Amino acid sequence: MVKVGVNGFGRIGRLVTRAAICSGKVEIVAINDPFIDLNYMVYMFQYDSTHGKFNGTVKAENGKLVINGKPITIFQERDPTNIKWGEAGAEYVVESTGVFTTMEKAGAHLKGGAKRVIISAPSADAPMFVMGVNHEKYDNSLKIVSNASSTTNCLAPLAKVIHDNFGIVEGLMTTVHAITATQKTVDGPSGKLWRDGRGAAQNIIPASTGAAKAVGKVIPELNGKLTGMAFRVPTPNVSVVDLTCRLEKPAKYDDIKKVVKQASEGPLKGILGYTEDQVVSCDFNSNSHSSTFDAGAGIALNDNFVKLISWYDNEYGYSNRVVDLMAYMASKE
């Protein structure tokens, strides 16, 4: 495969490493995290409150992190410019620290000998891609790219199927979203976004999300036709998209289901899922889909105005898409 270095060994960094090592679709050869040393990396990778103990062996050997017998070079650079990616043989770097989302900042890795960078977040100026939706618009000239956000990877496949078949005239989305590392256990400082500092385990917290507008970038005909917002709620993982949209062509709810179900069995297999079961959020913990349409939870007001519900494991589904994107890029070289 392509040899991958991971910058930022957090929720996404470690679950991208889990998906890479377990799927075998790419090879992790290096990790950088100045806040997690090699022995700490062993513990943080082995144990996971949300996805359970890693099924396999992980150890420290001669200064390397050894996962299922295979060594991984470890870096401790706060400055992404000083990471010697080339010497470790890492061709692609996953930028998952949360603090290098612009091309200028994410371009640091190229200096170390990396050849392309995949920002595990929206970017102000890097080209953004959602597997199943616009990844074929990638081309080899793009050395710095973004895999958008979890919420965008949930909404864009759904919005693609609804728009392709019935036309979205306009839509508004809410995501009811699990807590993340940027939140606080008790009321604490968060100077730019005051509500995000309030106690994550106590509160429903409204928050902004660019995910709906960003869908207008991965689906250009939806530009200006979608926006939305978010609620953070006290669950540790798994989120859900609630898309209220008005349709061009009339659609009985059973045709929406039928069309969404066909897409989940066809080209969006593994990316867009479909279910009619009485599911709840924990039923999608460690599910690798980008988006699972929840037939029974949605509701139509009429044939042109509907509320559609789609679940996503915001940690693990997104991490698998990071791997899929990199594998697609490597196949295009």
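Numbers follow the displayed sequence, beginning with 1.
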| task | Report the stretch with the higher mean CA temperature factor, choosing between 121-129 and 172-180 on the basis of the entry. | result | 121-129
| note | Averaging the C-alpha temperature factors as deposited, the higher value of 214-222 versus 240-248 falls on 214-222
| Which one of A230, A106, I204, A159 shows the biggest C-alpha B-factor in the PDB entry? | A106
| Which is it among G296, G273, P34, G52: the one with the largest CA B-factor in the entry? | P34
| message | Using the temperature factors of the C-alpha atoms in this entry, rank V93 within its chain: lowest, middle or highest third. | response | middle
| Compared with the other modelled residues in the chain, in which third is the CA B-factor of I309? | lowest
| field | Third assignment of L15 from its chain's C-alpha B-factors | value | middle
| said: Where does the C-alpha B-factor of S291 rank in its chain, lowest, middle or highest third? | reply: middle
| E61 by Cα B-factor - lowest, middle or highest third of the modelled chain | highest
